[PDB]
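>>> Experimental coordinates for this protein are included below, preceded by the sequence.
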Amino acid sequence: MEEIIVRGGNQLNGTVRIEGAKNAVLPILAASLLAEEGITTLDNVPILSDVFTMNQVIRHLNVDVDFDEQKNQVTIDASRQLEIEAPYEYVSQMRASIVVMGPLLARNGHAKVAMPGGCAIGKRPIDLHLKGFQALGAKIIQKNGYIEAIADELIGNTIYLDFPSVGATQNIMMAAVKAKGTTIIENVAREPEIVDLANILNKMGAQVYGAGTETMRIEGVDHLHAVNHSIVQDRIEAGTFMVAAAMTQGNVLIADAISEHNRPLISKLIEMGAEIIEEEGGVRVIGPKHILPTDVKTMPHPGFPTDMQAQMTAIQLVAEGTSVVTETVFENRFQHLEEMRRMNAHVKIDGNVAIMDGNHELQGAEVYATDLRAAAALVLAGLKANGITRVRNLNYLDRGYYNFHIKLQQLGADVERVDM
Ligand SMILES: CC(=O)N[C@H]1[C@@H](OP(=O)(O)OP(=O)(O)OC[C@H]2O[C@@H](n3ccc(=O)[nH]c3=O)[C@H](O)[C@@H]2O)O[C@H](CO)[C@@H](O)[C@@H]1O
Ligand SMILES: *[C@H](C)[C@H](O)P(=O)(O)O
Ligand SMILES: [Cl-]
Ligand SMILES: [K+]
Ligand SMILES: [K+]
Ligand SMILES: [K+]
Ligand SMILES: [K+]
Ligand SMILES: [K+]
Ligand code: NA
């Protein structure tokens, strides 16, 4: 139905406002299932397709969910007896749908949830979620396609995560808050959305210690209640605009940006010649006349985030030399580079390593997003391409960006969203 059309060759200048984080609001919506009494009010909720999908997941569990889009506010009433089967129709259309399992085990000792969807960028198993629930006393059944977890009593345990999985950390945390005694989770995700989640849980009456460190300690409680919470700013949307500014000889203030949440990105953009200044109003990015090449290796926190990789390849592909990216987190997150070949990108891919020769002019082309960050990366490449770039499959973009074309237009970019 729709495409984003870009004409390249404009400098970006001005101030951009950033929405609440996609990847904080979704597990916090799941956490609202733990509030046995009261009404949860979430503020700074972004208008994203994943929020509408997650709200339908939760409503099917016998919960009232009201999204006031004008106020960026969601109210949740989970005070009734929860149903325990999440609806495949919605679960299959996003990733974070799976993290209703933890709260359903905490409230009811019973959860039925299918394998989730989301960005089609690798195998994306959930084995570590299921291992953690087993460690807390759940029996895990697969009937013919389905995943059922049953716990007559959740009991705290020590749980070592083989990989610091964001979703597994969230799912296990949300079961453990109502487990009997102490849970210790070793090698947890340290991403700042884990901290935002822990902070709302603690406000709701939980005892979650060590969020943002490698070891979490949870002391089970009998009851959680509803609170008011404001979602943390979206560090990935923030970072996307930092890259846009850095690649267009721009001067952009990212309003109220949290520099602590983008230390790797800021460091790498400085290596490429950006000037980045922490100001009273936000983080200012000044793009250089001569973009310098740099290498990127994705890693779990505290290394370079995989959710900035695609966007970063757009600036690497216009740098004055050869850059390398190594994608260590996901197995299939280079399809945007194949599309950028249509735009005259010179890139060699060998397993998890891509080598980019930026000494070529990108040319406008019709390109097809395959996933959320790939869509943003193709629009960014458009900002530097000679002529007209048409970015298609905006369903992927709408999972994580609100008004992306309007925010770019307001910085002086020639970007439109139109019907095909
Ligand atoms: C909705 C949401 O918050 N999405 C984010 C979340 O996804 P998500 O929570 O799916 O990401 P994980 O941290 O779990 O996955 C990272 C890697 O861990 C491994 N793994 C994970 C779980 C498991 O049970 N077994 C296993 O092996 C896989 O190698 C996977 O490739 O964190 C990712 C990593 O920063 C981000 O890219 C996503 O945007
Ligand atoms: C792309 C990786 C998205 O953030 P998810 O919601 O599928 O994880
Ligand atoms: Cl996607
Ligand atoms: K319980
Ligand atoms: K039960
Ligand atoms: K917050
Ligand atoms: K170049
Ligand atoms: K890879
Ligand atoms: Na969508």
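Perfect, thanks for sending it. Numbering: from 1, shown residues only. Ligands and ions are numbered 1, 2, ... in the order given.

>>> Look up how far residue 85 lies from the residue sitting furthest away from the middle of the chain.
Largest separation from the mean C-alpha position in the chain: residue 152, at 33.2 Å (CA atoms, centre = their mean). Plainly put, residue 152 is 19 Å away from residue 85 if you go by CB to CB, to the nearest Å. Just so you know, the C-beta spots here come from the backbone N, C-alpha and C atoms, and that holds for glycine as well.

>>> How about stretch 374-393 and ligand 2, touching?
No. Stretch 374-393 is not in contact with ligand 2 by CB under 6 Å from any ligand atom; minimum separation 9.3 Å.

>>> Buried residues, that stretch. List them.
Judged by neighbour count (16 or more other CB atoms under 10 Å), stretch 374-393 contains these buried residues: 374-385, 389-393.

>>> Just the endpoints, please. Distance across stretch 52-68?
11 Å (CA to CA, to the nearest Å).

>>> and the residue farthest from the centre of the chain, what is it in contact with?
Shown in contact with residue 152 (CB atoms under 8 Å, 6 or more residues apart in numbering): 109, 137.

>>> and it, how far is that from residue 105?
11 Å.

>>> Check residue 293 too.
48 Å.

>>> These two - which one has more neighbours?
Under the criterion of other CB atoms under 10 Å, the comparison of residue 293 against residue 105 puts residue 105 first, with 27 against 18.

>>> give me the number of residues near the nearest residue to that one once chain neighbours are set aside?
Nearest non-adjacent residue to residue 105, counting by CB to CB, 6 or more residues apart in numbering: residue 175, 4.6 Å away. Neighbour count for residue 175, taken as other CB under 10 Å: 31.

>>> does ligand 1 sit close to the helix or strand hosting residue 175?
For residue 175, the host element (DSSP states H and E) is helix 166-176. Yes. Using CB under 6 Å from any ligand atom, helix 166-176 reaches ligand 1 at 166-168.

>>> what residues does that helix touch?
23, 27, 30-31, 34, 95-96, 98-99, 101-103, 105-106, 126, 128-129, 131-133, 136, 138, 154, 156, 159, 161, 183, 185, 188-189, 191, 193-194, 197-198, 201, 208, 216, 218, 220.

>>> Just the ones of the residues you listed in strands?
159, 183, 185, 208, 216, 218 (DSSP state E).

>>> Just flag the most distant two among those residues.
159 and 208 (14.0 Å; CB to CB).

>>> my read: residue 104 touches residue 98, true?
No. The pair residue 104 and residue 98 fails to qualify as a contact (CB atoms under 8 Å) at a distance of 10.9 Å.

>>> Give me the common contacts of those two.
With CB under 8 Å, 6+ apart, residue 104 and residue 98 have common neighbours residue 113.

>>> and the closest residue to ligand 8 within the stretch 51-200 of the chain, which of the three is it?
Residue of the stretch 51-200 of the chain nearest ligand 8, by CB to the ion: residue 122 (7.3 Å). Recorded secondary structure, residue 122: coil (DSSP: H, G, I helix; E, B strand; the rest coil).

>>> where does it fall, phi/psi-wise?
Note on residue 122: backbone dihedrals following degrees, to the nearest 10 are phi 160, psi 180.

>>> list the contacts for it?
330-333.

>>> Ligand 7 versus that one, what's the distance?
Separation of residue 122 from ligand 7 (CB to the ion, to the nearest Å) stands at 30 Å.

>>> Okay, helices next: where are they in the stretch 101-250 of the chain?
101-108, 127-135, 166-176, 192-203, 235-247 (DSSP state H, counting those that start in this stretch).

>>> Reformat those helices as CSV; add distance to ligand 6.
Listed next are the helices of the stretch 101-250 of the chain as CSV, based on distance: least, CB to the ion, whole Å:
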stretch, distance to ligand 6
helix 101-108, 19
helix 127-135, 24
helix 166-176, 15
helix 192-203, 5
helix 235-247, 12
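
>>> so can I have JSON lines of these showing distance to residue 265?
Converted to JSON lines, those look like this (distance: least, CB to CB, whole Å):
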{"stretch": "helix 101-108", "distance to residue 265": "30"}
{"stretch": "helix 127-135", "distance to residue 265": "26"}
{"stretch": "helix 166-176", "distance to residue 265": "18"}
{"stretch": "helix 192-203", "distance to residue 265": "13"}
{"stretch": "helix 235-247", "distance to residue 265": "5"}
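
>>> with the ones in strands among the contacts of helix 166-176 in mind, which one is nearest to residue 74?
Once CB to CB is applied, the member of the ones in strands among the contacts of helix 166-176 that ends up nearest residue 74 is residue 208, at 21.8 Å.

>>> Would you check that that closest one makes contact with residue 218?
Yes. Judged on CB under 8 Å, residue 208 makes contact with residue 218 at a distance of 5.3 Å.

>>> what touches both of these two?
Common neighbours of residue 208 and residue 218 are listed as 173, 177 (criterion: CB under 8 Å, 6+ apart).

>>> From ligand 6, how far out is the residue of the stretch 101-250 of the chain found nearest ligand 4?
Residue nearest to ligand 4 within the stretch 101-250 of the chain (CB to the ion): residue 178, separated by 3.8 Å. Separation of residue 178 from ligand 6 (CB to the ion): 23 Å.

>>> check contacts around the closest residue to that residue other than its chain neighbours.
In space, and not counting its chain neighbours, residue 178 is closest to residue 106: 3.9 Å by CB to CB, 6+ apart. Shown in contact with residue 106 (CB under 8 Å, 6+ apart): 34, 154, 174-175, 177-179.

>>> What is the neighbour count of the residue in the stretch 151-300 of the chain positioned nearest to ligand 7?
Across the stretch 151-300 of the chain, no residue is closer to ligand 7 than residue 291, which sits at 6.5 Å (CB to the ion). Neighbour count of residue 291, defined by other CB under 10 Å: 25.

>>> Nothing else from me, thank you.
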